[PDB]
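Given as structure tokens, the chain that follows is alone and in the form deposited in one PDB entry.
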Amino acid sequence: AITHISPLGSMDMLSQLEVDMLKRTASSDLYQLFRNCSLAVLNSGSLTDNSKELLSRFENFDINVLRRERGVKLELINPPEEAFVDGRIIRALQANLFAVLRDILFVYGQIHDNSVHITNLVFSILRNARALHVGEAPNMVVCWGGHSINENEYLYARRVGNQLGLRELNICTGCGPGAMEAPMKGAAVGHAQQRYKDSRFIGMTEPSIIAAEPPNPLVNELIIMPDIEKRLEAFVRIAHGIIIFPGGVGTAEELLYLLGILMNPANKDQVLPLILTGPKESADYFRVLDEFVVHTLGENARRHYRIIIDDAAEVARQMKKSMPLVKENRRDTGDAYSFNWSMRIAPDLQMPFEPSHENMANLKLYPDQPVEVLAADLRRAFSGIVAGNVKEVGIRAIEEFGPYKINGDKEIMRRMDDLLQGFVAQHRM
């Protein structure tokens, strides 16, 4: 059993009682969650997609938290060698590990209306991560995209980040590979071209997806949200602008969850730019997704977004010119620049979902509905098959007792399976 001991980057101190919460036992669940999250960080740049196999490869790996003279040390037992560069752990992965130690301890010490308490946990987690700060102008634009993406979609996703970084704007993704790291490498060379001295590449993951989508090495501010819904909520609240790239089913869910918030009449005065961008060959891909949400949510969905094709400079130029309007709107409310408190996320979009055939059953998918409740629970169906696609329980539940094809309707069921078939075509998992 070969070990390695990692130092803190910023002075970090624990008590003998906080470390004991992480002490290795077979009865305390909390170590396991801390152990696997640490393992996922160490498999950054994973050459695979499956999440069941990565744990089965590093089983003798473990982690001990230590209290030394200068603070906390992470004693890593049998760490993956691909995390090292010449016998030393890549310092981004070191910072990610201590971010995992920071968030896990916080989200569990705080546990020990109801919608106000949830958004505040999101606010308190980002604040404790020191991830809530604005410069002279808000510049945080989050980017959504798939994991297994094209070679041209990657280059296009790098060109957009470079033109975004050239205009001094920061990126926030779900810290995954593919379209979730390509804009960061572009922005890394973009900030270098304009001498932007303080880049913030925020990766926001959560335990149940971190093993399938390992945090890419370009992330410099990683935050662990408790579950899927709070990570989605953190996205739109820390955001000043959104750009969406072609992606698998996980990207579809993100688009609806958000679209279920701008279409709420309680958010008619909120400003939030959204551009769906893609390379030359994503023209057909985008038309089939527009024809989706224009058949699901009506033609109202096109008043809140614009689609641009084969252009990196325009979507960055238009995203930059939106920050003054974003800034101005935060002041009229009296809101904050670094956190959108005023936007109303309905309690039906904050509620969690554990994917089962049983619960995938009674999904309300009729176009009858208020635009909100349809997309609110339609995105649950996408959350269900990402679990069936990537994560241990959804894969297993879909393995043993069958697949999910549960609720039909007019075009939308024509369109639902139009998409996943139009998704498997380009191998989007």
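Throughout, rigid core stands for the largest set of C-alpha atoms superposing within 1.5 Å between the two forms. The numbering used is simple: start at 1 and walk along the sequence shown.
As for the form deposited in another entry, it is not shown, yet the points below apply to it.
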Core-superposed comparison between the shown form and the other one - Cα displaced by 2 angstroms or more, from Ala192, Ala283, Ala266, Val134
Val134
Could you check whether the CA atom of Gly241 moves 2 Å or more between the shown form and the other one, using the rigid core for the fit?
no
Taking 2 Å as the cut-off, check whether the CA of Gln163 shifts that much or more between the shown form and the other one after a rigid core fit.
no
Using a superposition on the rigid core, decide whether the Cα position of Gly334 changes by 2 angstroms or more between the shown form and the other one.
no
Answer with closer or farther for the CA-CA spacing of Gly186 and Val386 in the other entry compared to the shown form; it moves by 3 Å or more.
farther
What changes in the other entry is the Cα distance between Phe382 and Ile224, by 3 Å or more; the two atoms are farther
